[PDB]
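Novice: Below you will find the structure I want to go over with you.
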Amino acid sequence: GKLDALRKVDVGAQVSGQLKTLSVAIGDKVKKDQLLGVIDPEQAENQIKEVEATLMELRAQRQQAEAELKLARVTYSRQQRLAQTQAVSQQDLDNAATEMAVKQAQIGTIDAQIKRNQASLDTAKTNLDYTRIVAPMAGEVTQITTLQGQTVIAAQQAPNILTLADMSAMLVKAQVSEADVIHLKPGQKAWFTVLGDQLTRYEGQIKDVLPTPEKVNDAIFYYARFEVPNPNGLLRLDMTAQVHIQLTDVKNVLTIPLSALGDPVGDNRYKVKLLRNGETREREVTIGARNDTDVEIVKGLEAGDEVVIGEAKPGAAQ
Amino acid sequence: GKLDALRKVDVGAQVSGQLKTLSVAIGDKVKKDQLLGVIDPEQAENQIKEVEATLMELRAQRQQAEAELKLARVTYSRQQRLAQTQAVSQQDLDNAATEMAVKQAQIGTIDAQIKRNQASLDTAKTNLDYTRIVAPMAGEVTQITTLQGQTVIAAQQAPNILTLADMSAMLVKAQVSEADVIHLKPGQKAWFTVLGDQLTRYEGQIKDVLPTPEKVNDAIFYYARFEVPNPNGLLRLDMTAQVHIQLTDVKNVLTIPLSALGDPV
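As you go down the protein sequences, you meet chains A and B in turn.
So for the first sequence, the UniProt record's numbering puts the first residue at 54; every next one is plus one.
So for the second sequence, the UniProt record's numbering puts the first residue at 54; every next one is plus one.
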């Protein structure tokens, strides 16, 4: 069994630029959305000042139309007030009511520009946020691939500045062989131990099985995972771990000691037993399940029959 | 015999951006067009608001020409109503009717702009849909190459976010040797069994033979496929499977065991 963190992340950054600083050394805890490294932000500040200058430009250009609208409006009312006395035709009234509509449209046409550029301002600011890396999730820093002061560019692979892992629950990769994967029903109880502490058993429920195998040349293997609690700060990553995965909990069922059983043919299993008569007799027994010390016998021998652990002899009374 | 899913599809994304979330867990079932991961969509929303602001701009600029068209039209009819009594020659009638054609063309010239920009709006929105990955087909999530929170860039090769596979039925890769490939007529009946269950026969029709061989150093090998049903969720991917393909059964005829044969010449 291989060992790893419950969750792990390879943090990166979208933008190119020199890495001016990296505030955190490895081994320090970091809370979510904490500041990390800081890529150079001079350029983004430049486009921001540029866009703000554009908004100022429209801020004045609107101020022009604001005055022309006053001119057209006062001209219109000043025409109508004389126009109740039938001023210089309805012609000029149509020359006044329409121009005011034009100046009215102009200010809105400018407001749309202020709208699109303020909308662009978010596009300007959003690039600036990319320069300042923040942690997606809590967990002490593991490894720093990108050392401080290195130039970096991101037009291809996402750069690997650093990595993170949540060391509070150590998932295990128990690579059970393909020969036994057919069993291994979920929720079966299992335990494991590490080579370095010899005898300090850990245990828990099996969680699930990974659909995708990865071979080591010969023999396919399939993983399985637990969820062991990790206090004390022990259990380093990728530590070797011997794993005992509960195969089954059969009960109220007999098992035959290995020393006594006979195995005719290659499937048959003679087993001499003492009888109530006191005369021993063998019985063929069906056994598939087996342990290091015993073979499980669900069927083949009546309970309480004595069995000849040594020098077994069919038809031979003790 | 190697074993694999009836269909398997890797999934990518067309756009760069931090992966804010990946709601699916591995082994979960997913129906077609279900939402999966979500790359950050702030940018696409920005271009969307920008384009909508442009449509607002033309929305007013058209309103201007709408007024000028009223002016030119009222001026024209008010010229013609006098013109039945011979107003100021046909000269001003030509100075009026032509202007109305201009104001007429102007609004259409603007409507074409509203058309091209509404057409551009689909170009804006379509990028936003790329940010939200959806599953091409039903299946369970076999693997997640890309863990949550990783930065990803699609300026080059399509990233492998997560693979999918359909396990409703299992296909087998039965690699028959090149020496025997000349036989093996399609539809010949065959069966197989896994090493891990010892004795539990599966069986079915052979489907076909793959045209393109792949080799393991020495000796070429050609594949063949079945289509075994998969009840109860058994048979993990890439499980080893011993495979018996059927040659002919001529009968009513003796066959000598090879153990004691004598073969002079």
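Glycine is no exception: its CB is placed at the ideal position from the N, C-alpha and C atoms.
According to DSSP, simplified to helix, strand and coil, what is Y276(A)?
Specialist: Reading the first sequence from its first residue, position 223 is the one you call residue 276(A). If DSSP states are grouped into helix, strand and coil, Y276(A) belongs with coil.
Novice: Does the beta-carbon distance from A149(A) to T128(A) come in below 8 Å?
Specialist: Indexing the first sequence from 1 puts residue 149(A) at position 96. Indexing the first sequence from 1 puts residue 128(A) at position 75. Yes. Within cutoff.
Novice: Check whether the Cβ atoms of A188(A) and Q258(A) lie closer than 8 Å to each other.
Specialist: Within the first sequence, numbered from 1, the residue matching residue 188(A) stands at position 135. Within the first sequence, numbered from 1, the residue matching residue 258(A) stands at position 205. Contact flag unset, no.
Novice: Short of 8 Å in beta carbon distance, which residues of its chain neighbour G54(A), apart from the five on each side in sequence? Order them along the chain.
Specialist: Counting from 1 along the first sequence, the entry for residue 54(A) is found at position 1. Answer for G54(A): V225, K226, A227, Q228, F245, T293, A294, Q295, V296, listed in chain order.
Novice: In terms of residues, what are the limits of the alpha helix (DSSP H) holding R131(A)?
Specialist: Against the first sequence, residue 131(A) aligns to sequence position 78. That run of the alpha helix (DSSP H) goes 95-136.
Novice: Note down, one range per segment and in chain order, each beta strand (DSSP E) of at least 3 residues found wholly within the stretch 243-314 of chain A.
Specialist: Annotation note: the stretch 243-314 of chain A contains the following uninterrupted beta strand (DSSP E) runs of length 3 or greater, listed N- to C-terminal: 243-247, 255-257, 294-298, 308-310.
Novice: Please report the distance separating the alpha-carbon of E280(B) from that of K238(B).
Specialist: The sequence position of residue 280(B) within the second sequence is 227, counting from 1. The sequence position of residue 238(B) within the second sequence is 185, counting from 1. About 16 Å.
Novice: Go ahead and pull the three-state DSSP assignment for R60(A).
Specialist: The residue given as residue 60(A) occupies position 7 in the first sequence. Three-state DSSP puts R60(A) in coil, outside helix and strand.
Novice: Does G54(B) have its Cβ less than 8 Å from a Cβ in chain A?
Specialist: By one-based count along the second sequence, residue 54(B) stands at place 1. Chain A, which has no Cβ nearer than 8 Å to the Cβ of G54(B), makes this no.
Novice: When you compare only the Cα positions, how much space is there between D233(A) and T346(A)?
Specialist: Position 180 of the first sequence holds residue 233(A). Position 293 of the first sequence holds residue 346(A). If I take the Cα positions, the gap works out to 19 Å.
Novice: Figure out for me which residue from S230(B), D63(B), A97(B) has the closest Cα to the Cα of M190(B).
Specialist: On the second sequence, residue 190(B) is found 137 positions in, with the first residue counted as 1. That would be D63(B), whose Cα lies nearest to the Cα of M190(B).
Novice: Using a Cβ distance threshold of 8 Å, determine whether the stretch 86-101 of chain B contacts the stretch 120-135 of chain A, with at least three qualifying pairs required.
Specialist: no
Novice: Using a Cβ-Cβ distance cut-off of 8 Å, determine whether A208(B) contacts chain A.
Specialist: Your numbering for residue 208(B) matches position 155 in the second sequence. True, the Cβ-Cβ gap to chain A drops below 8 Å.
Novice: Check the Cβ of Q203(B) against every Cβ in chain E and list those closer than 9 Å, keeping chain order.
Specialist: In the structure shown, chain E does not exist; the protein chains are A and B.
Novice: When you compare only the Cα positions, how much space is there between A78(B) and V303(A)?
Specialist: As a working mapping, residue 78(B) is identified with position 25 in the second sequence. As a working mapping, residue 303(A) is identified with position 250 in the first sequence. Those two C-alpha atoms are separated by around 33 Å.
Novice: May I ask you to report which of helix, strand or coil DSSP gives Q143(B)?
Specialist: The residue you call residue 143(B) lines up with position 90 of the second sequence. In this structure, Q143(B) counts as coil in the three-state DSSP scheme.
Novice: On the three-pair Cβ rule with 8 Å, is the stretch 94-108 of chain A touching the stretch 190-209 of chain A?
Specialist: no
Novice: Determine which residues share a DSSP beta bridge with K84(B) and list them.
Specialist: Translated into positions along the second sequence, residue 84(B) becomes position 31. DSSP lists no partner for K84(B).
Novice: Can you name, in chain order, every residue of its own chain whose Cβ lies under 6 Å from the Cβ of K73(B), other than the five neighbours on each side?
Specialist: Sequence index remark: in the second sequence, residue 73(B) carries index 20 (1-based). Counting only Cβ-Cβ distances below 6 Å, and skipping sequence neighbours, we find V91, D93.
Novice: Output the distance between the C-alpha atoms of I197(B) and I214(B), rounded to the nearest integer angstrom.
Specialist: Here residue 197(B) corresponds to residue number 144 of the second sequence, with the count starting at 1. Here residue 214(B) corresponds to residue number 161 of the second sequence, with the count starting at 1. Each residue's Cα considered, the two are about 6 Å apart.
Novice: Considering only the alpha carbon of each residue, which of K156(B), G249(B), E231(B) lies closest to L263(B)?
Specialist: Locating residue 263(B) in the second sequence gives position 210, counting from the first residue. Closest option to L263(B), Cα to Cα, is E231(B).
Novice: Sort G192(A), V338(A), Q159(A) by Cα distance to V318(A) and report the nearest one.
Specialist: Counting from 1 along the first sequence, the entry for residue 318(A) is found at position 265. Closest by alpha carbon: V338(A).
Novice: In this structure, how does DSSP classify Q201(A) when only helix, strand and coil are distinguished?
Specialist: Start at 1 with the first residue of the first sequence, and residue 201(A) comes out as number 148. Three-state DSSP puts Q201(A) in coil, outside helix and strand.
Novice: Is any beta-carbon of chain B found at less than 8 Å from that of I92(A)?
Specialist: Position 39 of the first sequence, counting from 1, holds the residue named residue 92(A). Not an interface residue.
Novice: Just mark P284(B) as buried or exposed, buried being the case when its beta carbon has 16 or more other beta carbons within 10 Å.
Specialist: Stepping through the second sequence from its first residue, residue 284(B) is reached at position 231. Its Cβ having fewer than 16 others within 10 Å, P284(B) is exposed.
Novice: Could you tell me how far apart the beta carbons of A97(A) and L181(A) are, in whole angstroms, since I believe they sit closer than 8 Å?
Specialist: In the first sequence, residue 97(A) corresponds to position 44, counting from 1. In the first sequence, residue 181(A) corresponds to position 128, counting from 1. At roughly 4 Å, the Cβ-Cβ gap stays under 8 Å, so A97(A) and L181(A) are in contact.
Novice: Which residue wins for smallest C-alpha separation from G80(A), given the options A136(A), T195(A), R126(A), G70(A)?
Specialist: Working through the first sequence from its first residue, we reach residue 80(A) at position 27. Closest option to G80(A), Cα to Cα, is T195(A).
Novice: Quick check on DSSP: helix, strand or coil for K168(A)?
Specialist: Numbered from 1 along the first sequence, position 115 holds the residue referred to as residue 168(A). Helix at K168(A).
Novice: Around the C-beta of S69(B), are 16 or more other C-beta atoms found within 10 angstroms, so that it is buried, or is it exposed?
Specialist: Taking the first residue of the second sequence as 1, we reach residue 69(B) at position 16. With 16 or more Cβ atoms within 10 Å of its Cβ, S69(B) is classed as buried.
Novice: Exposed or buried, which one is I309(B) when buried takes at least 16 other CB atoms within 10 Å?
Specialist: Numbered from its first residue, the second sequence carries residue 309(B) at position 256. By the 10 Å Cβ count, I309(B) comes out exposed.
Novice: Determine whether the Cβ of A106(B) lies closer than 8 Å to any Cβ atom of chain A.
Specialist: Indexing the second sequence from 1 puts residue 106(B) at position 53. Yes, contact with chain A.
Novice: Quick test of your reading: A370(A) and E332(A), contact by CB under 8 Å. State the CB separation rounded to the nearest angstrom.
Specialist: Here residue 370(A) is taken as the residue at index 317 of the first sequence, counted from 1. Here residue 332(A) is taken as the residue at index 279 of the first sequence, counted from 1. About 4 Å separates the two Cβ atoms, so the contact holds.
Novice: Considering only the alpha carbon of each residue, which of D57(B), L59(B), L56(B), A66(B) lies closest to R185(B)?
Specialist: Counting from 1 along the second sequence, the entry for residue 185(B) is found at position 132. Checked all of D57(B), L59(B), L56(B), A66(B); the closest Cα to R185(B) is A66(B).
Novice: Can you check DSSP and say which residues form a bridge with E193(B)?
Specialist: For the purposes of this step, residue 193(B) is taken as the residue at position 140 of the second sequence. When DSSP reads this structure, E193(B) sits in a beta bridge with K82(B), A218(B).
Novice: Where does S76(A) sit, in a helix, a strand or coil, going by DSSP?
Specialist: Along the first sequence, one-based indexing puts residue 76(A) at 23. Residue state, collapsed to three classes: coil.
Novice: Measuring only the C-alpha atoms, how far is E193(B) from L290(A)?
Specialist: On the second sequence, position 140 is the one that residue 193(B) refers to. On the first sequence, position 237 is the one that residue 290(A) refers to. Across the structure, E193(B) and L290(A) are spaced so that their CA atoms are roughly 29 Å apart.
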